[PDB]
There are 2 protein chains.
Amino acid sequence: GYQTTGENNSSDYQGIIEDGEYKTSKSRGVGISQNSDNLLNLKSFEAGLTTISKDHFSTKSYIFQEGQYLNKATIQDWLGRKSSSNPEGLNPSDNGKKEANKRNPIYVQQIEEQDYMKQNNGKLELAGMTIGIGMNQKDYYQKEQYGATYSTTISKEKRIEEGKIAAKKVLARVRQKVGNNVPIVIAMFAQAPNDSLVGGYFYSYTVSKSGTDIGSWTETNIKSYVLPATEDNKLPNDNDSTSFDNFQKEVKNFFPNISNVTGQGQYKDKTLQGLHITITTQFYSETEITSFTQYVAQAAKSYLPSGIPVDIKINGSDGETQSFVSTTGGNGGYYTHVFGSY
Amino acid sequence: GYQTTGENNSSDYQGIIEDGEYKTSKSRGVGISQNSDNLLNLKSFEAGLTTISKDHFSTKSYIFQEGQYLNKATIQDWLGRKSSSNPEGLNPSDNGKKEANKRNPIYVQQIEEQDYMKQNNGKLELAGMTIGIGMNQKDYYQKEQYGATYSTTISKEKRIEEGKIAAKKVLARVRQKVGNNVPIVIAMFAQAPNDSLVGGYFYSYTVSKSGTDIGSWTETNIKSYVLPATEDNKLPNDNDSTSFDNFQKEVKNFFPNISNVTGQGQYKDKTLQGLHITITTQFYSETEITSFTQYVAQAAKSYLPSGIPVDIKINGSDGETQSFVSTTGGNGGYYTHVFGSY
Ligand SMILES: [Mg+2]
Ligand SMILES: [Mg+2]
């Protein structure tokens, strides 16, 4: 039969085990290949789809089911170019043209489904769905076989337009599979370019309560930014940026050997929501790890912006995590853990 | 001047920053080379030296100083064979013999110092010291240049005897450097062999309150054991072993792809004190990580021995830690953290 994973709570969904195995997505793997040139796009797409879901289908009242209605083959077809051989393709036909401004580009890069279930007489019933559609900003391609990479820059306006076109087709198709009564949230994502140190971002969503017409769109403004910031990639808040810089300076030279400090800040508009930081250093003893971990927690509380969740992973040179330091936010909240040897 | 790292507390020592840098050991690095054929010996030696220290020099009343009195060069000399060129060597002279039962073996493999300080008029003063001496069980060596590895098996009796001989020399030498009034704990360790999946163990200690004579020895019995257990390497408690096996079985097949589960159990005599477990699996999405992490916490609470600290690191296939699950012990205590993307 089915059992849940996890307990009922206000932060995460319970998931599903069926017949002794986690009930994996019917499209498992498709996102890896669709994002091969920048896997951070997969990670931010998925993370954002889950937060959008949490805002519409409460973790307290829905169980999360990995998407079952759209399988890998179907998503692969939809992500292909339309042709007489692939009539369901959402991307434009190959007009044969090699010029970046004349070709029909790939507008649609990834699609994921998350299903939200309610319990009915010991059985799960589909009660909500979130669909993400990831749209290219740059579409990379080759003029020749193992040859050089070119790109078509898709304007924000065109991306938005083609996203709405794709959303309407996806909604029509999904409605045939799930029926007319399930609320469906469709969330539009902009893929980061291949050289980006952060994944892409969600820019809008719509909620279809019934039918196939697309109603309003609600614009969204959650974005991630690399740390430390640079002249070309500034944070929305300079004070947060200088705070990070202070933390980095305070940590970097703890040992004779310099420690690398990088991270991401998540913003809603211009307001910092959280920090994720990774420190990488060379440790040569367990007591060095204990001391550094204490000092990182001190430096974080002193110098990093307060009142927000901060997670700091402390890795050795080989990438093995030796400790971590965190606060959920509020105040007096840092926590540490060292993954020591017996 | 000096500042501490960390806050005053009952679980860890505060450490020392001097002139903007952590005050590293004067023998930093020596343990890496002394344990090259099994680095788990370094890790368990250091971890155990810290726990022995905590039992004698309270974390609430001493600051930890990385060993300053014995430098790398001196430890290297002491760990060498005695000769007219190296009169301070603690290991026997090279009698030139190639037969494993005729050669003088290397008895002494590693030495580490930890210093414990009290504050006096804004200055730190040496108030205690722990010295570990690691003794071989098997001593590996070559009869020829880039040639084959042989070993001398050193009996438990001989190891113990030679350990006491080495301890007395180390005590005499250290007393000249630190004076006659500082309590010195000398802790004897047995190196694990080169193929061991666990580091070695502390077998005895003595406390020198003054002078150079070695008093009693107190036998100790903390040991680590690999998980899952095997016919050749059983846990001291079969019920703990079968409990681990149950946990492993319950986790292993969560995904279509099998998950590897290994670990260590720390025992005092025959009584389990704690578990460290590492799970390694292939994740393809952030929702898979959330669900697995919940389920690991459930399985741990259901099936693993209760009333002890358990730490479970959950790694992806590339060794990157994706989440972890822990309880300090007692009851209703599991905690989880997912290192998710924004
Ligand atoms: Mg320095
Ligand atoms: Mg299976």
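Please treat every number below as a calculation from the coordinates, not as lab data. Virtual Cβ from ideal backbone geometry, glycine too; neighbours counted across all protein chains shown.
Within the range A:256-273, which residues are farther than 24 Å from A:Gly48 by Cβ and in a loop (DSSP other than H, G, I, E, B)?
Within the range A:256-273, A:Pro256, A:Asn257, A:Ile258, A:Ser259 meet the criteria.
Which of the residues belonging to the range B:234-260 are within 15 Å of ligand 2 (Cβ to nearest atom) and aliphatic (A, V, I, L, M)?
B:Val251, B:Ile258
State the number of residues belonging to the range A:152-178 that are surrounded by fewer than 14 Cβ atoms within 10 Å (Cβ to Cβ) and assigned to a loop (DSSP other than H, G, I, E, B).
Residues that pass the stated criteria total 1.
Okay, residues lined up against (1) in contact (Cβ under 8 Å) with a residue 24 or more places away in the chain; (2) within 16 Å of the chain's Cα centre (by Cα); (3) closer than 21 Å to B:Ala190 by Cβ:
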position: B:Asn41; (1), (2), (3): yes, yes, yes
position: B:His56; (1), (2), (3): yes, no, yes
position: B:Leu79; (1), (2), (3): yes, no, yes
position: B:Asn86; (1), (2), (3): no, no, no
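Name every residue in the range B:27-56 that is surrounded by 15 or more Cβ atoms within 10 Å (Cβ to Cβ) and either of a type in the set (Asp, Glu) or within 16 Å of ligand 1 (Cβ to nearest atom) (or both), in order of residue number.
Matches in the range B:27-56: B:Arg28, B:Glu46.
Just the residues that are more than 7 Å from every other protein chain (Cβ to nearest Cβ), within 17 Å of the chain's Cα centre (by Cα) and surrounded by fewer than 22 Cβ atoms within 10 Å (Cβ to Cβ), please, taken from the range A:273-293.
Residues satisfying the conditions are A:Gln273, A:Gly274.
Considering every residue within the range A:259-271, establish whether at least one is among the aliphatic types (A, V, I, L, M) and crowded, with 22+ Cβ neighbours inside 10 Å. Even if it seems obvious, please write down each step before you answer.
First pass over the range A:259-271, keeping only residues among the aliphatic types (A, V, I, L, M): A:261.
Those still in the list that are crowded, with 22+ Cβ neighbours inside 10 Å too: A:261.
Yes, there is a match, as at least one residue in the range A:259-271 is among the aliphatic types (A, V, I, L, M) and crowded, with 22+ Cβ neighbours inside 10 Å.
Take the range B:175-202 and flag every residue that is closer than 17 Å to B:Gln114 by Cβ and aromatic (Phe, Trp, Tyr).
Listed by number, the residues that qualify are B:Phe189, B:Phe202.
Looking at the range A:6-23, can you tell me whether even one residue there is under 20 Å from the mean Cα position of the chain (by Cα), closer than 17 Å to B:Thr336 by Cβ and within 16 Å of ligand 2 (Cβ to nearest atom)? Before the answer, list the steps.
Initial filter on the range A:6-23 (under 20 Å from the mean Cα position of the chain (by Cα)): A:11-15.
Cutting the leftovers down to closer than 17 Å to B:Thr336 by Cβ gives us A:11-15.
Going one step further and asking which of them are within 16 Å of ligand 2 (Cβ to nearest atom), we end up with A:15.
The answer is yes, given that some residue of the range A:6-23 is under 20 Å from the mean Cα position of the chain (by Cα), closer than 17 Å to B:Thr336 by Cβ and within 16 Å of ligand 2 (Cβ to nearest atom).
Please state which one of B:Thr271, B:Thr262 is over 15 Å from B:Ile308 (Cα atoms), away from ligand 1 (no atom under 16 Å from the Cβ) and not small (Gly, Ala, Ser). Even if it seems obvious, please write down each step before you answer.
Values: B:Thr271 fails: over 15 Å from B:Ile308 (Cα atoms).
That would be B:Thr262, the only listed residue that is over 15 Å from B:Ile308 (Cα atoms), away from ligand 1 (no atom under 16 Å from the Cβ) and not small (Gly, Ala, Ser).
Tell me which residues, restricted to the range A:30-39, are at the interface with chain B (Cβ under 7 Å from one of its Cβ atoms) and more than 15 Å from the chain's Cα centre (by Cα).
none
Of these, B:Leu70, B:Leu90, which one is in contact with a helix residue (DSSP H, G or I) (Cβ under 7 Å, 6 or more places away or on another chain), more than 13 Å from every other protein chain (Cβ to nearest Cβ) and of a type in the set (A, V, I, L, M)? Even if it seems obvious, please write down each step before you answer.
Values: B:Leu70 fails: in contact with a helix residue (DSSP H, G or I) (Cβ under 7 Å, 6 or more places away or on another chain).
Going through B:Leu70, B:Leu90 in turn, just one is in contact with a helix residue (DSSP H, G or I) (Cβ under 7 Å, 6 or more places away or on another chain), more than 13 Å from every other protein chain (Cβ to nearest Cβ) and of a type in the set (A, V, I, L, M): B:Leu90.
Is it the case, given these coordinates, that B:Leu171 is of a type in the set (A, V, I, L, M, F, W, C), farther than 30 Å from B:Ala100 by Cβ and in contact with an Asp or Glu (Cβ under 9 Å, 6 or more places away or on another chain)? Spell out the reasoning first.
Values: of a type in the set (A, V, I, L, M, F, W, C): yes; farther than 30 Å from B:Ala100 by Cβ: yes; in contact with an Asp or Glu (Cβ under 9 Å, 6 or more places away or on another chain): yes.
Against the criterion (of a type in the set (A, V, I, L, M, F, W, C), farther than 30 Å from B:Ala100 by Cβ and in contact with an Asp or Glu (Cβ under 9 Å, 6 or more places away or on another chain)), B:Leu171 qualifies.
Taking into account only those residues within the range B:243-255 that are more than 21 Å from B:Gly274 (Cβ to Cβ) and not in a loop (DSSP other than H, G, I, E, B), which is nearest to ligand 1 (Cβ to nearest atom)?
Within the range B:243-255, the match that is nearest to ligand 1 (Cβ to nearest atom) is B:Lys252.
Please verify whether B:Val296 is closer than 21 Å to B:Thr242 by Cβ, surrounded by 21 or more Cβ atoms within 10 Å (Cβ to Cβ) and facing chain A (nearest Cβ under 10 Å), treating the condition exactly as stated.
Details: closer than 21 Å to B:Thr242 by Cβ: yes; surrounded by 21 or more Cβ atoms within 10 Å (Cβ to Cβ): yes; facing chain A (nearest Cβ under 10 Å): yes.
Against the criterion (closer than 21 Å to B:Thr242 by Cβ, surrounded by 21 or more Cβ atoms within 10 Å (Cβ to Cβ) and facing chain A (nearest Cβ under 10 Å)), B:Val296 qualifies.
I need the full set of residues from the range A:43-54 which are within 8 Å of the chain's Cα centre (by Cα) and closer than 15 Å to B:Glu288 by Cβ, in order please. Give the derivation first.
As a first pass, look at the range A:43-54 and keep what is within 8 Å of the chain's Cα centre (by Cα): A:43-49.
Result: A:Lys43, A:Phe45, A:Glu46, A:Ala47, A:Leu49.
Show me the strands (runs of 3 or more DSSP E) found entirely inside the range B:179-242 where at least 3 residues are surrounded by 15 or more Cβ atoms within 10 Å (Cβ to Cβ) and among the aliphatic types (A, V, I, L, M). Break it down into steps so the answer makes sense when it comes.
On the way: elements: B:184-190, B:201-208, B:222-227.
Counting at least 3 such residues, we get B:184-190, B:222-227.
Taking the range A:302-327 as the search range and keeping residues that are within 10 Å of another protein chain (Cβ to nearest Cβ) and surrounded by fewer than 18 Cβ atoms within 10 Å (Cβ to Cβ), which one is farthest from the chain's Cα centre (by Cα)?
A:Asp318
Taking the range A:9-22 as the search range and keeping residues that are more than 9 Å from every other protein chain (Cβ to nearest Cβ) and in contact with a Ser or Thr (Cβ under 8 Å, 6 or more places away or on another chain), which one is farthest from A:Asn120 (Cα to Cα)? Give the derivation first.
If we filter the range A:9-22 for residues that are more than 9 Å from every other protein chain (Cβ to nearest Cβ), which is where we start, we get A:9-11, A:18-19.
Okay, now just the ones that are also in contact with a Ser or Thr (Cβ under 8 Å, 6 or more places away or on another chain), so A:9-11.
On the way: A:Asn9: 20, A:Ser10: 21, A:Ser11: 23 Å.
That would be A:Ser11.
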